A.B. asks: 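Below is the structure I would like to discuss, written out as structure tokens.
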Amino acid sequence: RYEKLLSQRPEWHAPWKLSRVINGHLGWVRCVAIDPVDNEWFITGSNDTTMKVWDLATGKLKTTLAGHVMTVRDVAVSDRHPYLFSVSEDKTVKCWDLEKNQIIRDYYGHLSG
RNA sequence: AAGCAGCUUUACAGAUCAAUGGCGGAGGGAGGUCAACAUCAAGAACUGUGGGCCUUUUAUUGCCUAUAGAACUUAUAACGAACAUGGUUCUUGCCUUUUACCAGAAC
Ligand SMILES: [Mg+2]
């Protein structure tokens, strides 16, 4: 096993470095999702219960989505629908219509966060 | 517009009473505080069908063109010359808290 592991060579990859730092959340940044269709923007959820949408090219703040009362723990954008799904420590699961920037559906039944 | 000739013919009477073609007949009408199914808000916005068309063979759809038929609804835009409630979010009001609520918006 060690022979056949040591003979092989890993592929080279270029190093990473820091490009930009964005501040504007009031709590810890807990989740990120990229625009899975056009790569134009990304969204972040936070301990400050908001969600913020960021222009990926300039890093500037597009809009703030305020629809949770506790930490937004995860965010997911659908590639087949114009929908953002978000979940929180406040036990709610919410769908946002990105053609209006409004909650349109709540999904109920989780006992805990 | 009536008197006469042409079209229509039908209550009839014929040649014909054969060979034809025309229009009907081979399961009736009016109703029901009966039912089921289909359909009713959209490029002013409809479906079928003949020929041509991008999907690599244009198929059934989307496009061009020819043509037959469109019931209901609608421009001081809606089936309803009528008019309720509820959910979510936002902003207000009353406000000791929730329900029940104040009244505007959006979906
Ligand atoms: Mg209490």
Side-chain angles (χ1 to χ4, degrees):
Chain A
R1 268 172 277 156
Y2 194 57
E3 167 70 324
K4 303 300 178 74
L5 180 60
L6 187 57
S7 66
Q8 295 169 100
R9 213 60 33 191
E11 181 172 323
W12 177 83
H13 301 281
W16 295 82
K17 66 173 182 171
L18 186 60
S19 318
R20 180 186 289 139
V21 185
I22 308 173
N23 299 284
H25 279 293
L26 303 182
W28 297 354
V29 185
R30 300 304 297 272
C31 52
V32 280
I34 187 66
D35 171 11
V37 183
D38 290 338
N39 202 52
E40 185 187 288
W41 52 264
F42 68 96
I43 186 170
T44 42
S46 173
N47 280 12
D48 61 41
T49 82
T50 66
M51 297 185 293
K52 288 190 173 192
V53 184
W54 301 100
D55 180 73
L56 179 61
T58 65
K60 292 185 77 63
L61 183 54
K62 295 196 76 168
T63 180
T64 308
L65 276 52
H68 290 275
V69 298
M70 296 179 69
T71 306
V72 184
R73 290 296 295 257
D74 206 2
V75 287
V77 181
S78 194
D79 65 330
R80 291 178 53 250
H81 320 90
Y83 295 155
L84 157 72
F85 292 85
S86 65
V87 304
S88 175
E89 282 180 350
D90 57 59
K91 313 204 291 191
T92 62
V93 175
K94 300 193 186 285
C95 183
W96 299 70
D97 196 338
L98 298 172
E99 301 194 359
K100 223 74 179 173
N101 306 339
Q102 293 294 132
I103 295 150
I104 53 157
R105 296 186 188 95
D106 293 280
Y107 302 81
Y108 165 83
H110 270 295
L111 256 167
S112 308

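Within every chain, numbering begins at 1; the chains are lettered A, B, ... in the order of the sequence lines, protein sequences first and strands thereafter.
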A.B. asks: What's the gap between B/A26 and B/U10 when it is taken at their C1' atoms, as a whole Å value?
C.D. replies: 26 Å
A.B. asks: Sign of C1'-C2'-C3'-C4' decides it: give me the sugar pucker of B/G27, north or south.
C.D. replies: south
A.B. asks: Take the protein atom CD of A/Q102 and the nucleotide atom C1' of B/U91, then report the distance between them rounded to whole Å.
C.D. replies: 12 Å
A.B. asks: Quickly work out the A/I103 CD1 to B/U88 P distance and round it to whole Å.
C.D. replies: 12 Å
A.B. asks: B/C83 and B/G69: how far apart are their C1' atoms, nearest whole angstrom?
C.D. replies: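 Between the two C1' atoms, the distance is 39 Å.
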A.B. asks: Just checking: do B/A30 and B/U55 form a pair, Watson-Crick or wobble, with both of the defining distances under 3.5 Å?
C.D. replies: no
A.B. asks: Expressed in whole Å, how much space separates the P atoms belonging to B/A45 and B/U49?
C.D. replies: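 Nearest-Å result for B/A45 against B/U49 at atom P: 22 Å.
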A.B. asks: Could you tell me if B/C54 and B/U55 pass the stacking criterion of ring centres under 5.5 Å and planes under 30°?
C.D. replies: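 No: the six-membered rings of B/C54 and B/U55 fail the 5.5 Å and 30° test.
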A.B. asks: Would you confirm whether B/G28 and B/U57 are paired, taking Watson-Crick (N1-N3 with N6-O4 or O6-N4) or G-U wobble (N1-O2 and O6-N3) geometry and requiring each distance to be under 3.5 angstrom?
C.D. replies: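 Between B/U57 and B/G28 there is no Watson-Crick or G-U pair with both distances under 3.5 Å.
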A.B. asks: Could you walk me through whether A/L84 and A/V77 pass side-chain contact (heavy atoms from CB on, under 4.5 Å), step by step?
C.D. replies: CA-CA 4 Å; A/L84 157 72; A/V77 181; 4.2 Å; yes
A.B. asks: Using heavy atoms to find the nearest nucleotide of RNA chain B for A/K94 and A/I104 separately, return the residue whose nucleotide is more 5′.
C.D. replies: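 Whichever sits nearer the 5' end wins; that is A/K94.
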A.B. asks: Could you tell me whether a side-chain N or O of A/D90 sits under 3.5 Å from a main-chain N or O of A/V69, the two making a donor and an acceptor?
C.D. replies: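 Side chain of A/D90 to backbone of A/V69: a pair is present.
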A.B. asks: Rounded to whole angstroms, how far apart are CZ on A/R105 and P on B/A106?
C.D. replies: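 Rounded to whole Å, this separation is 21 Å.
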A.B. asks: Give none if B/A106 has no partner; otherwise give the nucleotide forming a Watson-Crick or G-U wobble pair with it, both distances under 3.5 Å.
C.D. replies: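 Matched B/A106 with B/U88 under the 3.5 Å cut-off.
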A.B. asks: Do the six-membered rings of B/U33 and B/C34 pass both checks: centres under 5.5 Å apart and planes under 30 degrees?
C.D. replies: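 As far as the 5.5 Å and 30° test goes, B/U33 does not stack onto B/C34.
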A.B. asks: When you compare B/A41 with B/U74, how far apart are their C1' atoms, in angstrom units rounded to a whole number?
C.D. replies: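 Roughly 8 Å separates the two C1' atoms.
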A.B. asks: What is the separation between atom CG on A/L65 and atom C1' on B/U89, rounded to the nearest whole Å?
C.D. replies: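 Atom-to-atom, A/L65 to B/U89, this comes out as 12 Å.
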A.B. asks: For the pair A/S88 (side chain) and A/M70 (backbone), establish whether a donor and an acceptor sit closer than 3.5 Å, ignoring hydrogens and angles.
C.D. replies: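 Pair found, side chain donor or acceptor close to backbone of A/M70.
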A.B. asks: Centres under 5.5 Å and planes under 30° for the six-membered rings of B/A66 and B/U67?
C.D. replies: yes
A.B. asks: Is B/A30 syn or anti, taking syn as a glycosidic angle within 90° of 0?
C.D. replies: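 Here B/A30 takes the anti form, which means its glycosidic angle is more than 90° from 0.
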A.B. asks: With both distances under 3.5 angstrom, what nucleotide forms a Watson-Crick or G-U wobble pair with B/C7?
C.D. replies: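 None - no nucleotide pairs with B/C7, as no candidate has both distances under 3.5 Å.
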A.B. asks: How many Å lie between CG on A/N101 and P on B/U89, as a whole number?
C.D. replies: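 For the pair A/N101 CG and B/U89 P, the rounded distance is 17 Å.
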A.B. asks: What distance separates A/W28 CH2 from A/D48 CG, expressed to the nearest 0.5 Å?
C.D. replies: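 Here the rounded value is 12.5 Å.
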A.B. asks: Can you check the distance between B/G52 and B/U58, where both ends of the measurement are the P atom (answer in whole Å)?
C.D. replies: 11 Å
A.B. asks: B/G29 on B/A30: ring centres under 5.5 Å and planes under 30 degrees?
C.D. replies: yes
A.B. asks: B/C72 and B/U85: how far apart are their P atoms, nearest whole angstrom?
C.D. replies: 35 Å
A.B. asks: May I ask whether B/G69 and B/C46 form a pair, defined as Watson-Crick or G-U wobble with both distances under 3.5 Å?
C.D. replies: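 The answer is yes: B/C46 partners B/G69.
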A.B. asks: Mind checking if B/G27 stacks on B/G28, six-ring centres under 5.5 Å, planes under 30°?
C.D. replies: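 Stacking test on this dinucleotide step: no.
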A.B. asks: In whole Å, measure the gap between the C1' atoms of B/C107 and B/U65 for me.
C.D. replies: 44 Å
A.B. asks: Watson-Crick or G-U wobble, both distances under 3.5 angstrom: are B/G48 and B/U67 paired?
C.D. replies: yes
A.B. asks: Is A/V87 reachable from A/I43 through a run of hydrophobic residues whose side-chain heavy atoms are each under 4.5 Å from the next?
C.D. replies: no
A.B. asks: In whole angstroms, how far is the P atom of B/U89 from the NZ atom of A/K100?
C.D. replies: 18 Å
A.B. asks: In whole Å, what separates the P atom of B/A71 from that of B/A75?
C.D. replies: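 About 16 Å, rounded to a whole number of Å.
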